[PDB]
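Structure first, commentary second.
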Amino acid sequence: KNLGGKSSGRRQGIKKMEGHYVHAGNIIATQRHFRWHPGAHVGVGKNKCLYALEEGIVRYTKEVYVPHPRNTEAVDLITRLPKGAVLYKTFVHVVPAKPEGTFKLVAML
Amino acid sequence: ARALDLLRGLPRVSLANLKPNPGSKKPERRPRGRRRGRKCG
Amino acid sequence: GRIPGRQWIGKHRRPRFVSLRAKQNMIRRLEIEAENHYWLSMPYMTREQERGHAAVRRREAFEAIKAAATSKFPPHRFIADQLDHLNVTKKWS
Amino acid sequence: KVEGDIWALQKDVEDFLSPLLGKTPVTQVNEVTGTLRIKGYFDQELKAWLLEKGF
Amino acid sequence: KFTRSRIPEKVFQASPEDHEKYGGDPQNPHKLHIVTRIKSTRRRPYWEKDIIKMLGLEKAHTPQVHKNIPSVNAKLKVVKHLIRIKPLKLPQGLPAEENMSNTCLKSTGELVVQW
Amino acid sequence: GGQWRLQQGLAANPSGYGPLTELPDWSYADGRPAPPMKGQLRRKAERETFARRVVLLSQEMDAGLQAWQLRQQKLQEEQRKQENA
Amino acid sequence: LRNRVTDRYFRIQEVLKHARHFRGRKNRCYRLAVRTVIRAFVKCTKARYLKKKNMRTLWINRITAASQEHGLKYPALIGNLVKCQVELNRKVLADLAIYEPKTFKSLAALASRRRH
Amino acid sequence: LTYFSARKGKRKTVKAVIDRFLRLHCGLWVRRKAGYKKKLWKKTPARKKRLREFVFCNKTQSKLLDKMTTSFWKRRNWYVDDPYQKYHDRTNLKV
Amino acid sequence: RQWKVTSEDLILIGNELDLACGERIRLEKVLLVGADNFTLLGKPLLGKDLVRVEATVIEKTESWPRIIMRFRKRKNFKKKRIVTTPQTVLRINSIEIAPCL
RNA sequence: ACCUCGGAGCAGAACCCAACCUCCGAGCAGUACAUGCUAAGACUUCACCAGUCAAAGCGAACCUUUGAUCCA
RNA sequence: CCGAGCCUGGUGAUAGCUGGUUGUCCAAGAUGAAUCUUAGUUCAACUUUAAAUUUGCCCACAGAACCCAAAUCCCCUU
RNA sequence: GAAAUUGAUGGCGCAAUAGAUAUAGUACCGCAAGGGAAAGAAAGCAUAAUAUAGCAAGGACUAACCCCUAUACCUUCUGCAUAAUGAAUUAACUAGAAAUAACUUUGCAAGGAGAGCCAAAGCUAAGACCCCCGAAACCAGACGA
Ligand SMILES: [Mg+2]
Ligand SMILES: [Mg+2]
Ligand SMILES: [Mg+2]
Ligand SMILES: [Mg+2]
Ligand SMILES: [Mg+2]
Ligand SMILES: [Mg+2]
Ligand SMILES: [Mg+2]
Ligand SMILES: [Mg+2]
Ligand SMILES: [Mg+2]
Ligand SMILES: [Mg+2]
Ligand SMILES: [Mg+2]
Ligand SMILES: [Mg+2]
Ligand SMILES: [Mg+2]
Ligand SMILES: [Mg+2]
Ligand SMILES: [Mg+2]
Ligand SMILES: [Mg+2]
């Protein structure tokens, strides 16, 4: 009487652990809901996958979570916290490796 | 050349002295014996 | 007096019993390994001291491996080997 | 199309190419066919070198 | 399931009683292990097999000298149930180039430069 | 009875190291020594490699400790040298 | 019949010569002989381990008899000779038991003395 | 396919391959993505863009296609204004 | 191996010795020497000064062909090899003892 | 009775994991009509097919599941 | 020897099914997806050979989630 | 699966189970259509039955047996002494055919090839690689009450 339930796994999770070198555009982690939040130089897709916006080293950190005020449910959740409480989340950052360019001598006019 | 001098020293080249260049003639594999027989690959 | 099924696998197996000899053998092994624990409890260098102390040798060894791998190439061919085959018809005159 | 001391040619080629590679090149001397086979592409360099030698 | 086993660190913390029993000084610890394989790697996990191959202990009862450093010790901890470890003792110091060909490893674990 | 031999410090197996295996089996009746036996030569080569590895490992570990000491000294001396003003 | 085997006689004989001392048709019929000859050769190969195993057992039995003639037990004899640093092996000890009874008596006395 | 035709004794080409795949001389096979003309009204713009693309084949797919076509289809063609003229050869390829 | 030996005895060593036939040799690892009324036991070897056992290389031969046969049922596994081992026959010429006790 | 897809447990912590296994759900709707075009780099349901994400750029503006080929 | 005769021919029918597959010797070599599909096949994985050049495994620290255990992943050294 | 167009006496055979079916389309079989041969110049026994015990042997041994060791082979299976298959035995016969692309070795080389074809080191030549037996059937035409 139990049908369905034959769906395969989504192969989600972290694709780049901490310290892994990541080029711009590489997907860092795919998640179904926000297990890891985007940090510095990390973007978010429609499906909440984290990709590197710059070329660098992936780092995972814990930071205080302050949601966008337009996120009404999160704002209410915060409104219900006690005074000392601060929410925390796991964030993924890309520490950019190369400089974004150098000045070169082109012509000795 | 020294090769022609070696020829001068060696026996006459005939149809009984001829050999293919090594590596040009792979051995033929046929399904007889333990290793190539039975189920014959 | 038979054990149902096949011995040593099923739910009902032949009762196996530990002999004094088996106990002594196991105890001997245990003593060896207790000594192993002791001798593994005193590292000579710390992890930070060992970091990089063999890097040069390891790099040279891998250079040797790479050289062997990249030096693979067909062997030389000599006129002498080809011409020596004429000797199959060497005779006495 | 090498004639003469193919081994002398091999020595010369190794001398000429080792600085470019940084290592002595790996080669095969087909003394029968009179050819020298070098691992890696050096057609342009070897052509220039043979021109300089006057072949 | 069967998995790799994490040995708690307290296992590898010698006590004064152990020091007296085995005759090793925690200060000035020995430099080199002599490791022999005394147990088969058959019926052992592939990771223990691989560790044995790395350490070069494929042949049983053939002593092998290894550094007494934390990484080698980590591997030895993985395969400690297949090996016998004894410190390498150097009564006359390490052999000199002159007598490098006249050494012998006594069963006590001493490398003597006379044989 | 190998345990007793081990206690006395000999090889557990009398066929291991010892006079019975390491000495020449024979010599010429004149007195000239016999050529070394193949097994003895192989065993000597193995022992030489073992000693060479012992020396190499000891030297590598000592050099590593000395290099770490020098690195610590350089770090402390440089951090002190930064105090210049 | 471009190519036909002409040596089959000799190929058969190579096997049959090894079966000529068998019983029944195994010594005549190649189909049967070849199977038994293979078994005979495999047994011959595997018997080199059993030969050594049985010789040592034979030596141990003979040494046990000889030592019991002098009130010793084989374990005591062997262990005490080792402790006295006599490295005579079991083959030689059995040979001495058979052909040099006074020397074996001396060794048994030595083993008992060491034991005491 | 037909390894030996009954009239010539030659190997034949599977024309279903020729109707679907482009072979670049270097050994690459190009193809359209399946469904690139089907029910576009229910496909997101990104999916449509992915589907409208010309795509290379696997090594094993390329080997299969090479087997299924004859050497005529694997020749140099110097067409006048071939859009794939530049793609017919590989550049800066290390191994 | 250990050989129980006496003068005029023959010994079959299962390997070539690198000695010309008829060449005289001294066997140096003598564990035991015995007479009718006394025996001398080494610990484990007697001194060179005590005993001198001498032999002669009488023959250098090959053993009869030994068959190595491997067979496993129902595996098409069958292998045959013939091996001949080198051998040397030594004759023990004399056993001399000296009063060096 | 079921056959495709998806969610949860088995399968606790990267991924992955069956069943006549224990439960649940879907064959689209709402929205707008840039919900356009292009394009680095990636993910990928263990193959392929297919399916995802996406910087930069151009252009307007200021979105949240089902099915191939041929054939018409 | 008739739920559709016999003979010849097509015909060496076809058989994902059963059986068989002949010298010597050495070496490497073992448990997913789709499918009128689960007695089969194709792709993968594994495997073999040859070739190119350069890191591979092991691997501590750091690191990998909220909701509501054994371990695993990742990699400096070694 | 085209066409236009192009134009071009011998035996690394068999030798009486082979080679023709063939000494013969005979003998023989069939009502008939039809099928269709054979052949000419070791095994098995006997000399000489048999001796406790055992995959019939091996290690051996002074000695055949006695002692000790040893669960036929093939195939099919996860796994077979298996009380799963096949085999009385001897002789003879009886089963891996080939392309695409590779690789190896030659030749020549920005060209190769004895027209056509290929070519961004290629082209030309050679070498290596793809089994045997078996249905119930289907259809055509004969032959049979
Ligand atoms: Mg599920
Ligand atoms: Mg095989
Ligand atoms: Mg039972
Ligand atoms: Mg994938
Ligand atoms: Mg009828
Ligand atoms: Mg058939
Ligand atoms: Mg093997
Ligand atoms: Mg279907
Ligand atoms: Mg089937
Ligand atoms: Mg025409
Ligand atoms: Mg005929
Ligand atoms: Mg007869
Ligand atoms: Mg049977
Ligand atoms: Mg059956
Ligand atoms: Mg039968
Ligand atoms: Mg009538």
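Any value given below was found using the heavy atoms of this structure, including those in side chains, with hydrogens, waters and symmetry copies removed. Chain letters run A, B, ... following the sequence lines, proteins first and then strands; every chain starts at 1.
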Checklist entry - Would J/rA19 and J/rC20 pass the stacking test, six-membered ring centres less than 5.5 Å apart and planes less than 30 degrees? => result no
Next on the checklist: Suppose you measure atom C1' in J/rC49 against the same atom in J/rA11; what distance do you get, rounded to whole Å?
Outcome noted: 29 Å
Item to check | Chi-based syn or anti call at L/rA81, which uses purine or pyrimidine torsion atoms and a 90° bound | outcome: syn
Next on the checklist: Using the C1'-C2'-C3'-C4' dihedral sign as the criterion, classify the sugar of L/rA51 as north or south.
Outcome noted: south
Checklist entry - Contact class for A/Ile28 (heavy atom, under 4.0 Å): base, sugar-phosphate, or nothing? => result nothing
Item to check | Pair partner, L/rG1 [Watson-Crick or wobble, under 3.5 Å] | outcome: none
Item to check | Output field: Watson-Crick/G-U pair L/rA126 L/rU104, thresh under 3.5 Å | outcome: yes
Checklist entry - Is the closest basic N to carboxylate O distance between A/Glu54 and A/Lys98 below 4.0 Å? => result no
Next on the checklist: What's the closest nucleotide to the side chain of H/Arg20 if the choices are L/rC93, L/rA72, J/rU69?
Outcome noted: J/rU69
Item to check | G/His18 side chain vs G/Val15 backbone, donor-acceptor pair below 3.5 Å | outcome: no
Item to check | Pairing between K/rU72 and L/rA32, Watson-Crick or wobble, both under 3.5 Å | outcome: no
Checklist entry - Do neighbours K/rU48 and K/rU49 have base six-rings closer than 5.5 Å at the centres and tilted less than 30° apart? => result yes
Item to check | Adjacent bases L/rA39, L/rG40 meet stacking criteria of 5.5 Å and 30° | outcome: no
Next on the checklist: Please report the sugar pucker of L/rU90 as north or south based on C1'-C2'-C3'-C4'.
Outcome noted: north
Checklist outcome for this item: Smallest heavy-atom separation, E/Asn68 atom then E/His33 atom, equals OD1-NE2, 2.8 Å
Next on the checklist: Test side-chain contact (heavy atoms from CB on, under 4.5 Å) on G/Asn27 and G/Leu16; report intermediate values, then the result.
Outcome noted: CA-CA 7 Å; G/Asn27 55 36; G/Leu16 283 186; over 6 Å; no
Checklist entry - Going by a 90° cut-off around 0, is L/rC133 syn or anti? => result anti
Next on the checklist: Partner lookup for K/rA33, please. Criteria are Watson-Crick or G-U wobble with both distances under 3.5 angstrom; report none if nothing qualifies.
Outcome noted: K/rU42
Checklist entry - Is the closest side-chain heavy-atom distance between H/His25 and H/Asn77 below 4.5 Å? => result no
Next on the checklist: Is it the case that L/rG1 (base atoms only) and H/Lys12 (side chain only) share a donor and an acceptor within less than 3.5 Å, ignoring hydrogens and angles?
Outcome noted: yes
Checklist entry - In Watson-Crick or G-U wobble terms, both distances under 3.5 Å, what is the partner of L/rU90? => result none
Item to check | Pucker class of L/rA56, from the sign of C1'-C2'-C3'-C4' | outcome: south
Item to check | Adjacent bases J/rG59, J/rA60 meet stacking criteria of 5.5 Å and 30° | outcome: yes
Item to check | Rounded distance in Å between the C1' positions of K/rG40 and K/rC59 | outcome: 46 Å
Item to check | Strand partner of L/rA56, provided both Watson-Crick or wobble distances fall under 3.5 Å | outcome: none
Checklist entry - Is there a Watson-Crick or G-U wobble pair linking K/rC73 and K/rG63, both distances under 3.5 Å? => result yes
Checklist entry - Is there a Watson-Crick or G-U wobble pair linking J/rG41 and J/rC53, both distances under 3.5 Å? => result yes
Checklist entry - Taking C1'-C2'-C3'-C4' as the guide, is J/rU35 a north (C3'-endo side) or a south (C2'-endo side) sugar? => result south
Next on the checklist: What I want to check is whether an N or O donor and acceptor connect the side chain of B/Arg32 with the base of K/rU22 at under 3.5 Å.
Outcome noted: yes
Checklist entry - Would you call H/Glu53 and H/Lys33 a salt bridge, using N to O less than 4.0 angstrom? => result no
Item to check | Pair assignment for K/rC7, Watson-Crick or G-U wobble, requiring both distances under 3.5 Å | outcome: L/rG141
Next on the checklist: Heavy atoms from C-beta onward define the side chain here; which of K/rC43, L/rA126, L/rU105 lies closest to that of B/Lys25?
Outcome noted: L/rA126
Checklist entry - Under the side-chain contact (heavy atoms from CB on, under 4.5 Å) criterion, do H/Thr69 and H/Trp29 qualify, and how do the steps go? => result CA-CA 12 Å; H/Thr69 57; H/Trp29 291 85; 3.7 Å; yes
Next on the checklist: When the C1' atoms of L/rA91 and L/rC103 are compared, how many Å lie between them, rounded to an integer?
Outcome noted: 46 Å
Next on the checklist: Taking only the P atom of each, what is the distance from K/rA60 to K/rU72 in whole angstrom?
Outcome noted: 9 Å
Checklist entry - Reckon E/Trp47 touches a base, only the sugar-phosphate, or nothing at all at heavy-atom distances under 4.0 Å? => result nothing
Next on the checklist: Roughly how many Å apart are L/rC133 and L/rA95, using the P atom of each and rounding to a whole number?
Outcome noted: 10 Å
Item to check | Residue from H/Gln61, H/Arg23, H/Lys74 passing side-chain hydrogen bond (donor to acceptor under 3.5 Å, both in side chains) with H/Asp66 | outcome: H/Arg23
Checklist entry - Any idea if J/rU69 is syn or anti, going by the 90°-from-0 cut? => result syn
Item to check | Wobble or Watson-Crick pair present, L/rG122 with L/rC108, both under 3.5 Å | outcome: yes
Checklist entry - Which nucleotide, J/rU22, L/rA57, J/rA8, lies nearest any side-chain atom of G/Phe22? => result L/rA57
Checklist outcome for this item: Per the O4'-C1'-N9-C4 / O4'-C1'-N1-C2 angle with a 90° window around 0, L/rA113 comes out anti
Next on the checklist: I'd like the P distance from L/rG35 over to L/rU17, given in whole Å.
Outcome noted: 24 Å
Checklist entry - Heavy atoms under 4.0 Å, any strand shown: does G/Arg11 hit a base, just sugar-phosphate, or nothing? => result nothing
Checklist entry - Are D/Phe42 and D/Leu21 close enough, and set up right, to give a side-chain contact (heavy atoms from CB on, under 4.5 Å), and what steps lead you there? => result CA-CA 10 Å; D/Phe42 307 108; D/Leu21 279 170; 3.7 Å; yes
Next on the checklist: Could you identify the nucleotide paired to L/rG19, looking across every strand shown and requiring Watson-Crick or G-U wobble geometry with both distances under 3.5 Å?
Outcome noted: none
Next on the checklist: With K/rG10 and L/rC138, is there a Watson-Crick or G-U wobble pair, both distances less than 3.5 Å?
Outcome noted: yes
Checklist entry - Is there a donor N/O on one and an acceptor N/O on the other, under 3.5 Å, for the side chain of E/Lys75 and the base of K/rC58? => result yes
Item to check | side-chain N/O H/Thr60 vs K/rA44 OP1/OP2, d < 4.0 Å | outcome: yes
Checklist entry - Planes under 30° and centres closer than 5.5 Å, is that true for C/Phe62 with the base of K/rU55? => result yes
Checklist entry - Using purine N1 to pyrimidine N3 plus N6-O4 or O6-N4 for Watson-Crick, or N1-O2 and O6-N3 for G-U wobble, both under 3.5 Å, which nucleotide pairs with J/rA26? => result J/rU4
Checklist entry - Considering only the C1' atoms, how many Å lie between K/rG12 and L/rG134, rounded to the nearest integer? => result 12 Å
Item to check | Sugar conformation, J/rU22 - torsion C1'-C2'-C3'-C4' sign | outcome: north
Item to check | Nucleotides K/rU55 and K/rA50 paired (Watson-Crick or wobble, under 3.5 Å) | outcome: no
Checklist entry - Does the side chain of I/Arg74 sit in the major groove or the minor groove, judged by base N or O atoms under 5.0 Å? => result major
Checklist entry - Is the distance from OP1 or OP2 of K/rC26 to the nearest side-chain N or O of I/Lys79 less than 4.0 Å? => result yes
Item to check | G/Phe41 or G/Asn27, whichever maps to the more 5' nucleotide of RNA chain L | outcome: G/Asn27
Checklist entry - Under the rule that ring centres be under 5.5 Å apart and planes under 30 degrees, are L/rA70 and L/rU71 stacked? => result no
Item to check | Pairing partner (Watson-Crick or G-U wobble, both distances under 3.5 angstrom) of L/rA42 | outcome: none
Checklist entry - Between K/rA65, K/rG63, L/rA92, which nucleotide has the shortest distance from any of its atoms to the side chain of G/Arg4? => result L/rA92
Item to check | Earlier contact from the 5' end, RNA chain L, for H/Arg75 and G/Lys51 | outcome: G/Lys51
Checklist entry - Under a 3.5 Å limit on both distances, do J/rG30 and J/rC63 form a Watson-Crick or G-U wobble pair? => result yes
Item to check | Inter-nucleotide P distance (L/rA41, L/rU23), Å rounded | outcome: 15 Å
